């Protein structure tokens, strides 16, 4: 349907480079995460999206949901994987 | 006709009494101030209206504008007179 | 002049706010006026519990239910009156004169102006808790169950003086004594600088060996032991404590038949609800429809002035005072290790977790999860906080259960389910959201120095959410339970629970060998990025 | 290694934020100004690419005190334009600026240590004029060259103080009188301690538009510097002002605003530890001045919220500087407090204000002017912080206002009748269109247990608070509050009868001191009016 627009900001790169995306609300947010990740040249498999205030975001749902739940300002942080 | 509504709490009485007034928006707020203080049986010349969060209210304007600027929740406090 | 009373006026204001909380529609409803009862330590004139109640619940039948639920040294000491238009049930020795403005503004000064013989005091919790598991049996004639149960409990209190409580470990014994045989300063070695929820002396309740429908109610009985307590002082209380539980078991059983569920056995639970400095002693029905249960929860909240936000009286929230008392997820698991520490002294301001939790280390759940399990293990410590604080009753998931959630939520794959793979905070946040519908917040850093710089964000979290925090970076996963931070020195210390593997349930190792102690700010590597997940608790009882 | 440069990183971070507060993506760079002698940084000025120009680094340096110069530049990430100069280049990232982390800074800039840089030295000030003849048709060319020659001729000037017998002049190194102005520049502060001189010129050397520019020249006198050190700075001070006058004049010409006269002004913008020297185009349109006033906020990394470079808040260091207040009145008496130990957290006024009290303006308000005086102090704050040019109203002007809005009926105007917290808010609204908030209490005890409301006000609005109650009016300038022991104290500017501009008598006696919570009566209700500053600069 109609489009929602996000602004994802890379926190791993101290330049803090953002990227503005606009997808229809029916688009699964994993596609937005994917595009923004490869656009930032970071792997989407070990990157994660949190909201502007710190709330984690589950990308496995329509973009319309993410917008109303969390907003338009998001951040792409890295996924820490540790065991040891 | 088209009228606004205020909830004025008397903050000098420990029971926190309140009068609710639905006055026409054309009403000079000096009339509301005088009449509210009348129903609390307190002198209007020794009282003053402030909003809920503290903002001082100028009663010289119509009740319509005073409802746009400040909310419906007001507080009738007592004036101090302090020549020390 | 001489009869000055002491009261935590600030805590009284909160209790009123907690009762008023169930309305959330002030001046919108039409209701009966609000009165209340004042409970406290009559001997020293110290008000401990101020319980507000709408009018209907200002009855003799209800006041007895409250007083039988409070600790043994506390009794009815007065009423209260809001705006001079509350109902007063005759009793006590005074009547608190409160006003609407006082209770809204929370003006301590205005309370003291109206109640002249009262002095505000931040009341703290004193003394330890003596506990013993006690059983008794009642016989109810068919058709006269309700008639007998009131009487069967009457003569039980009359024979509650022939009891003897014995602690085998330290050779401690409390029984009826002649006033001159009283052993002064008896349990001062145990009650000095102690707190009711942590310091516990366990006794076995014994009786002299030479002295229709059936009903047997086994259950614990808790009475406090203070510093300077005589041996006789402990006896008087240990008796009054048992009488109250029996009356409570009676009262709960009687009105159970009047409400439909008939005659049911009762499980005994003891709580330390948010803000209280004394304990709550309750007898809860074991059988009833879920409608009957949730209504019983709501009402106990209203009666004892408990919040409508936090869950408080869930069975899993009940204190583990007695050893034979049943437990939800406390296998060999240690509850709240960080509390068994006095090695430490503050370097400044200190804020810690708000609630119980269990230490989940390596290899403890059968299988050996060596160097990959650390992230899973901290997830489990978090989950324990949610069951021990009444947010759920689902058990702490196994490693396979965790990994399956990641596959179900479509993050990591089916082979992931099988594996010994590594995860982190970001996967933890996903499982909490899938299994518990939880929301998590993150502190995303790029260095271990930034972790120290953004300590205020941690201190805020523990002050507002209280949930334990896992931290993941430098191939290691940890659990942060507190933080010590001086906002003038810049000196910063971290309280860390190490998910890495200790032998077994032994605090002496854990406390002293560093597995659960305070760490310097240099604990985090400055060369690696760190993430912290901050699990956020819901807002419903 | 011990060639360590010192820098107040927190002050730099604020200046970055102050620049960023004008947005709403061209890159961002900046210049680093400081005392090259002792290897210390005093000013870190950020600017976008467009403005990293030799033309612009000269405007900045002409506006700074004579002792500080360009010591280097900076580079955020690695994507900022840089104008080659100085000894170093600060390596910053866009992320260590957003969050403001000193840790990341000190790691990327090794030869640097963090230090809370403080105010030093006194301020020597003198009035100076000079005529410029501009050949019509090429006035831009002539004013530029006129400033050149003036910087060449500036070395033969002589500043001399008559009262103390001091003389700043050209000297050979062996004529230097060490420790010259030490008894003037010891524990001194630029914004307060001044040493006024008279500027004199040797008689051995001197269609169109003439331009007589006359203003002031301020140069710092530190501790332990010699007469030669004073001289070298006194010349650089003059040159910079002369260039400053030329740049704006040129700027005015090119903007088609012609050749206009200027007004010299000296500031200490919020957070700084060195003065700001500017030549203001006072003959432009009010709007034209505002846009220029705006630009300087961007160029000097100043807030976009509150006014800073308004004439009203310009420091009056020279005795001939035109004031918008009363020169007799004491400015910021609480700052001259003698040795107070805080019991807890502290929070005071954020801005300058004047002490108005009884028997001041030829009126004897023995008992009834307490509220009027407290009103006046607040009005001073709004003048001294660039919110108004209009002077402090008299008792009769205030009473007239209350009558004007129909609140006291004209019997009041000629009256010695009392007012209070409310009436103050009415006048402020009528004259300055201000908004006011209140803290209405029922006992002085409530005033104490609602300290957190005051501290929040002083932390966000800054304006002084008038407090009426128990038939007495006062002015609260700050609260000392420990949220653990519960002990609270109040900084109270007593409007109750000074009668003698005298500071030592103020501090010694009960006027303007830290009063305990026991001050406010537990039997009477108090009101507190909280003046709210407007949103433009």
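Virtual Cβ from ideal backbone geometry, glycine too; neighbours counted across all protein chains shown. Values in this text are rule-based calculations from the coordinates and carry no lab data.
Here are a few things to note about the model shown:
- Residue match in segment D:311-327 (condition: touching a helix residue (DSSP H, G or I) at 6+ places or on another chain (Cβ under 9 Å), away from chain B (no Cβ under 14 Å) and under 30 Å from residue D:10 (Cβ atoms)): yes
- Here residue B:4 meets each of (1) within 13 Å of chain C (Cβ to nearest Cβ); (2) more than 9 Å from the chain's Cα centre (by Cα); (3) part of a strand (DSSP E or B); (4) surrounded by 16 or more Cβ atoms within 10 Å (Cβ to Cβ) with one exception, condition (1).
- Segment A:48-72: number of residues that are at the interface with another protein chain (Cβ under 9 Å from one of its Cβ atoms) and assigned to a strand (DSSP E or B): 5
- Restricting attention to segment D:236-289, the residues being surrounded by 17 or more Cβ atoms within 10 Å (Cβ to Cβ) and under 13 Å from residue D:314 (Cα atoms) number 13.
- Test set (1) in a loop (DSSP other than H, G, I, E, B); (2) in contact with a helix residue (DSSP H, G or I) (Cβ under 9 Å, 6 or more places away or on another chain) - residue D:292 fails condition number: (1)
- Only residues that are more than 24 Å from residue D:451 (Cα to Cα) and part of a helix (DSSP H, G or I) were counted across segment D:496-537, and they come to 5.
- Residue count for segment C:313-337, restricted to those that are in a loop (DSSP other than H, G, I, E, B), within 22 Å of residue C:285 (Cβ to Cβ) and in contact with a strand residue (DSSP E or B) (Cβ under 7 Å, 6 or more places away or on another chain): 8.
- Looking only at segment C:346-396, residues that are closer than 21 Å to residue C:419 by Cα and outside any helix (DSSP H, G or I) come to 15 in all.
- As a summary of the residue check, residue D:26 satisfies the conditions (1) over 30 Å from residue D:229 (Cβ atoms); (2) assigned to a strand (DSSP E or B) except for the one numbered (2).
- Whichever residue in segment B:7-39 is surrounded by 19 or more Cβ atoms within 10 Å (Cβ to Cβ) and more than 14 Å from chain C (Cβ to nearest Cβ) and, among such residues, is farthest from residue D:469 (Cα to Cα): B:23
- Restricted to strands (runs of 3 or more DSSP E) entirely inside segment D:105-205, those with at least 3 residues that are away from chain C (no Cβ under 14 Å) and surrounded by 13 or more Cβ atoms within 10 Å (Cβ to Cβ) are D:122-134, D:157-161, D:166-169, D:194-201.
- Condition met for residue B:75 (surrounded by fewer than 19 Cβ atoms within 10 Å (Cβ to Cβ), at the interface with chain D (Cβ under 10 Å from one of its Cβ atoms) and under 26 Å from residue D:375 (Cβ atoms)): no
- The single condition from (1) surrounded by 14 or more Cβ atoms within 10 Å (Cβ to Cβ); (2) within 14 Å of another protein chain (Cβ to nearest Cβ) that residue D:510 fails is (1).
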